[PDB]
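Worksheet: one structure, shown below.
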Amino acid sequence: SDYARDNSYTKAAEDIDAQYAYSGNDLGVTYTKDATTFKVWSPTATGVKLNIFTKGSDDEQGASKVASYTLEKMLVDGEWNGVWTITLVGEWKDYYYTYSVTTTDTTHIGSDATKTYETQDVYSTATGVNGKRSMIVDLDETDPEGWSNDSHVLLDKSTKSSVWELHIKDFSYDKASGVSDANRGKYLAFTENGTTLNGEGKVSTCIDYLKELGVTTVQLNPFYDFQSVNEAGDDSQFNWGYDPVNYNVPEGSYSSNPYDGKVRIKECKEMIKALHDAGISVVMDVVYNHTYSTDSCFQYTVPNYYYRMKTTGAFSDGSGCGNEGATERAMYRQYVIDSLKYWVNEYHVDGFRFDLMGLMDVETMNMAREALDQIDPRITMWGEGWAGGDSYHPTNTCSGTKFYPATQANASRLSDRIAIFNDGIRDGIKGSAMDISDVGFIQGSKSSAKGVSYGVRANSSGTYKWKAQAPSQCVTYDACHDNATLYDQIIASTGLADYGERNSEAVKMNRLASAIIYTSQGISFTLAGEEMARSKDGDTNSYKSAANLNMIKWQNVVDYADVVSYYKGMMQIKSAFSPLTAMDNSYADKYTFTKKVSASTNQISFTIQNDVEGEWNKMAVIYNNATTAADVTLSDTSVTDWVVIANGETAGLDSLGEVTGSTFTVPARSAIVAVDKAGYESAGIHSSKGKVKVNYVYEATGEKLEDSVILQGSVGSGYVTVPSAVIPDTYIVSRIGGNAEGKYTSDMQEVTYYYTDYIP
């Protein structure tokens, strides 16, 4: 819910915006070898004092207060524009500082009831430990080697993306990642090429694993400066980071040395450079909708201005943390826009994800979208189109237009290149996020088939709980950092095994969900480690749980190499068919669904008439969430010869069979993807990945104890195969044919685990 209220705080802030608004783009430190400059926009302040130090804290050896100066009012044409400036002559690099602002609030300008605060610069670019002290860094110095040649690694269309939502700690915090001792959980785990599981050199991990999996984007969890982890305390502290402190300053606990401010910048840039060199785009999660506490730099500089104030004087609780930034405000809007531009231009990020996007206002988001477009329009923007609580915001914004929250309901006003995370498809696929045990479509819910069928088109065709101006305004996904993981939800709802423990039926549902996400329009978005069945031990909220519980268990790239390969093949499927990555609604009417989109059906099916030259001319798709195989007849009978390219066992770009007519026998809880034979033969799209088939044969009779699984990978890359974890303990591998480990050769290989009786 949201309400439009006006009060004394809003009127005073509007007057401030009308009079004192500033647009010089040079607030904060403007360091040069000749002289340093400082600027603080605070109309309500009676005086500002700058305090230079030598160490970002008093507990560091050699820490001492250097000097204090007084910042005087900045005058243009004799009138005050709200800023306090001072120039220090001489060399001042690496010198910390703070401000001592004596100020009233917005409603009491000119009165003598001031209060004195000591505050880190709102525009801090570098900070000592815990971000409580600024620093005058020379940013040109912190560029790693070859940084001048780094360029944005951007998609041509954000719908082609396969976003990998990766937490910087979890990426490498496991000792099984094989990363050096000093770099487990930092920016620099991303710069180490040649990593492997347990350093054994057999199967890759981390960055080489990313190049293998082919993800086109990686969305990094909050690595701006945040509060909830002590940058000087225990190294095992984990926190997503939704308690922002310094937006413009990289987080400190992800660097080898947080006490020095150049080190965090250097190492963050190093990580971004590493990912850009891996050909993988980088997407920064941002949280401009709130700050850690109201005792912030914004409040200490201009109280009650930068936040939305209720009529009673309390702060609005729309974000659920006790406050919420007033994005409608003439200077906070400019702050957010300039912070986005600064992150992009300095740390070479390629796109953003706005937490609780519903709080921000549509006009501000259109302004940010236009500003990022002015750099490069392929910079991807998206975010959660809701809010955490009741928001009380002004009736208008600083520009004079009405105030509209950026919600899913307002997606019609919100720009089409600002995707809204599709809760509709998320719950249609795997169930409502509010309950971990809820049963979605994949688990067997017939009713959610409507949600899945509408989300197949990015909700941009028709209306189910919301609508998108285009599929480019939809992030097709079923999991992210928030709430439980896909495999967690599947296991919890099925009740077949404990969390993270491999289960064949749950793996089938996971493959089906991957097919649903990767044959749909819009942006494909996956939780990092979602292919390998990542599990948080079922924890529905892990924002600050154990780092060893949130870390990616890198044994899962071996234990779930078949699921990794299914995902890696579905990615190729989606990238090899233009309708599955169309930005606009040109292909909305080609989806000749077999049943009504609103039908509660166990087996979803449809077909896509592609029109791009040199590609498959048609595809079928049949999601069969039933416990038993079911024959599905296509209402589109214009094509009767087909070449399956995915099924319940393996997925990819290679013919897994052929079907005559238009009737497909779809296995239980499994998807089928086909293509027209003529188009397949004429296009020439073919999988260059090697393959391995791992059977599990009871030796005495030749019957299979468990189904075979197909592994996949690039030709020339290694692999490792293991006995299936689902075979009972009463069986013992007596022999293993073929290469139980090795590399992927262009010609298919095989491995057979023969079994016999055993007494555990």
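Positions 38 to 797 (the deposited numbering) are the ones given, in order, by the sequence shown. Don't be surprised by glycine CBs; every beta carbon is placed ideally from N, CA and C.
8 Å contact criterion, which residue i and residue j should meet: CB distance rounded
| i | j | result |
| --- | --- | --- |
| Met404 | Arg450 | Wrong, their Cβ atoms sit about 13 Å apart, outside the cutoff. |
| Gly477 | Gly465 | 7 Å |
| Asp621 | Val676 | About 25 Å; that fails the 8 Å criterion. |
| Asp262 | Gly168 | 4 Å |
Residues of its chain near residue i, where Cβ-Cβ distance is below 8 Å and the 5 sequence neighbours each way are ignored
| i | result |
| --- | --- |
| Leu203 | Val255, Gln256, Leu257, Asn258, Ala565 |
| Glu568 | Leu250, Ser551, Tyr597, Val600, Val601, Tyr603, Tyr604, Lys605 |
| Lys504 | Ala448, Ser449, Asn496, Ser497 |
| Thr432 | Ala41, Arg42, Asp43, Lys439, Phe440 |
| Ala408 | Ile374, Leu377, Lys378 |
| residue 799 | This structure leaves residue 799 out entirely; the chain is present only between 38 and 797. |
| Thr364 | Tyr325, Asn326, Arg370, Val373, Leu396, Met397, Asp398, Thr401 |
Cutoff 7 Å; reference residue i; Cβ partners in own chain excluding five residues on either side
| i | result |
| --- | --- |
| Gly422 | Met394, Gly395, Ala443, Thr444, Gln445, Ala448, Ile457, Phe458 |
| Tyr160 | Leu64, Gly65, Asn285 |
| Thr702 | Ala666, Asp668 |
| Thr151 | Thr83, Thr139, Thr140, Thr141 |
| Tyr795 | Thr767, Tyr768, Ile769 |
| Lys303 | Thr179, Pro181 |
| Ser474 | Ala529, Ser530 |
| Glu400 | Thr434, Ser436, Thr438 |
| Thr242 | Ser214, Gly215, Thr232, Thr233, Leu234, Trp591, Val594 |
| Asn62 | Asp375 |
Beta-carbon gap between residue i and residue j smaller than 9 Å
| i | j | result |
| --- | --- | --- |
| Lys467 | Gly537 | no |
| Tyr343 | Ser353 | no |
| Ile528 | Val489 | no |
| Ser188 | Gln264 | no |
| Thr563 | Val138 | no |
| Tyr733 | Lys741 | yes |
| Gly119 | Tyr46 | no |
| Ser637 | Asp673 | no |
| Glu778 | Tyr792 | no |
| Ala424 | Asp39 | yes |
| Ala470 | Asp519 | yes |
| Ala534 | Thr577 | no |
| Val595 | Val759 | yes |
| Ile610 | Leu671 | no |
| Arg390 | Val320 | yes |
| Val763 | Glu736 | no |
| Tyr624 | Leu549 | no |
| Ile309 | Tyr384 | yes |
| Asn283 | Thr164 | yes |
| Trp277 | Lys581 | yes |
| residue 805 | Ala613 | In the structure displayed, the chain extends from 38 to 797; residue 805 sits before or after that span and is not available. |
| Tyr279 | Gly355 | no |
| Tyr136 | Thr338 | yes |
| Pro281 | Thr328 | yes |
| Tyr781 | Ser745 | no |
| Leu112 | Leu87 | no |
| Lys248 | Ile317 | yes |
| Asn639 | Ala486 | yes |
Close-in-space but distant-in-sequence residues of the same chain around residue i (CB under 6 Å, 5 per side omitted)
| i | result |
| --- | --- |
| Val166 | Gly93, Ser94, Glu268, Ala269, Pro295, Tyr296 |
| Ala311 | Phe227, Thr228 |
| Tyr790 | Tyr733, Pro760, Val770, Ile773 |
| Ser452 | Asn403, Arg406 |
| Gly420 | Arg390, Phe391, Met394 |
| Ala683 | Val710 |
| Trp129 | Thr73, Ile173 |
| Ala708 | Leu549, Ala552, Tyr660 |
| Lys76 | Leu64, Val120, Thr122 |
Residue i: CB within 8 Å of a non-hydrogen atom of the ligand ATP
| i | result |
| --- | --- |
| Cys334 | In terms of ligand content, the structure shown is empty, and the ligand ATP therefore cannot be addressed. |
Q. What residue ranges within the region 698-769 form continuous beta strand (DSSP E) runs of no fewer than 3 residues, ordered along the chain?
A. Along the length of the region 698-769, whole beta strand (DSSP E) runs at least 3 residues long occupy 700-703, 707-710, 727-735, 741-750, 755-757, reported in chain order.
Q: Within the region 470-553, note down every full beta strand (DSSP E) run reaching 3 residues or more, in order along the chain.
A: Runs found: 511-514.
Q: Would you be able to state if there are at least three C-beta pairs under 8 Å between the region 196-212 and the region 221-235?
A: They touch, by the three-pair rule.
Q. Three or more beta-carbon pairs under 8 Å between the region 263-280 and the region 231-245, yes or no?
A. Short answer: they don't touch.
Q: Kindly provide the ranges of any alpha helix (DSSP H) runs that are 4 or more residues long and lie completely inside the region 583-628, ordered along the chain.
A: Counting only unbroken stretches of 4 or more residues, the alpha helix (DSSP H) elements lying wholly within the region 583-628 are 584-587, 593-596, 598-612, in sequence order.
Q | Every unbroken alpha helix (DSSP H) within the region 376-427, with a cutoff of 4 residues, ordered by chain | A | The qualifying runs are 399-412.
Q) Three or more C-beta pairs closer than 8 Å, one from the region 622-629 and one from the region 644-652: is that the case here? A) Remark: three or more beta-carbon pairs, one from each stretch, lie closer than 8 Å, so the region 622-629 and the region 644-652 are flagged as touching.
Q) Can we say the region 105-121 touches the region 188-197, given the rule of at least three CB pairs closer than 8 Å? A) Touching, no, given that fewer than three Cβ pairs across the two stretches are closer than 8 Å.
Q) Enumerated in chain order, which unbroken segments of the alpha helix (DSSP H) with a length of 4 residues or greater are wholly contained in the region 322-365? A) List check, alpha helix (DSSP H) in window: 334-338.
**Q.** Whole beta strand (DSSP E) elements within the region 57-82, 3-residue minimum
**A.** Complete beta strand (DSSP E) runs here, min 3: 72-78.
Q: Entirely within the region 181-241 and at least 3 residues each: give me those beta strand (DSSP E) ranges in chain order.
A: Listed in chain order, the complete beta strand (DSSP E) runs (minimum 3 residues) inside the region 181-241 are 199-203.
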